[PDB]
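> any chance you could fold what I've pasted below:
(chains A and B)
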Amino acid sequence: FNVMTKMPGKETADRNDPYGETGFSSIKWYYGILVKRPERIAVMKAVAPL
Amino acid sequence: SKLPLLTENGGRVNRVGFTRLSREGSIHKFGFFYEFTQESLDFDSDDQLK
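Numbers count the residues shown, from 1 in each chain, chains lettered A, B, ... in the order given. Dropping the coordinates below:
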């Protein structure tokens, strides 16, 4: 996980928000899969009671 | 006619009350700003404009 925080202050000022009040915190990540032997994964579907 | 006169027999006579008032304050916010380009500060007639 990559977490990028920019606390309100000098690091959030811009010509759009000259006072610098709003910050944020963003978490971005990569994920993938490589099914090599799908013959070994087995599923089974059925309904369930209330 | 309102003195706290008391008799020799005493008794439940001359009961008083009290009160506390309360004040209140509040914090407000203020602020202004102003923009400026670089070509209005380097290529101008007064070096001390800023």
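> going forward, measure contacts between C-alpha atoms and count neighbours the same way
Will do.
> show me what contacts residue B:36?
Taking CA atoms under 8 Å, 6 or more residues apart in numbering or on different chains, we find residue B:36 in contact with no residue.
> look up how far residue B:45 lies from it.
As judged by CA to CA, to the nearest Å, residue B:36 and residue B:45 stand 15 Å apart.
> check residue A:30 too.
Distance, residue A:30 to residue B:45, by CA to CA: 55 Å.
> got it, and residue B:7?
According to CA to CA, residue B:7 and residue B:45 sit 94 Å apart.
> now do residue B:19
Distance of residue B:19 to residue B:45, computed by CA to CA: 68 Å.
> neighbour count for the two, which is higher?
Neighbour totals were compared for residue B:19 and residue B:45, and residue B:45 leads with 9 against 4 (other CA atoms under 10 Å in any protein chain shown).
> strands of chain A, start to end?
In chain A, the segments counted as strands under DSSP state E are A:2-6, A:24-28.
> what helices or strands is the first one leaning on?
Applying 3 or more CA pairs under 8 Å, 6 or more residues apart in numbering or on different chains; DSSP states H and E, one finds that strand A:2-6 makes contact with strand A:24-28.
> centre of the chain to the strand it packs on, how far?
Offset of strand A:24-28 from its chain centre (CA atoms, centre = their mean, to the nearest Å): 8 Å.
> paired strands for it, with orientation please.
Paired with strand A:24-28 in the same sheet, following DSSP bridges, are strand A:2-6 (antiparallel).
> hmm, residue B:40 and residue B:47 touching each other?
No - using CA atoms under 8 Å, residue B:47 is not in contact with residue B:40; the gap is 10.3 Å.
> pick out the residue nearest the middle of chain B.
The centroid of chain B falls nearest to residue B:25 when counting by CA atoms, centre = their mean (4.0 Å).
> roughly how far apart are that residue and residue B:41?
Residue B:25 is 43 Å from residue B:41, by CA to CA.
> just residue A:25 next, same as before
Residue A:25 is 36 Å from residue B:41, by CA to CA.
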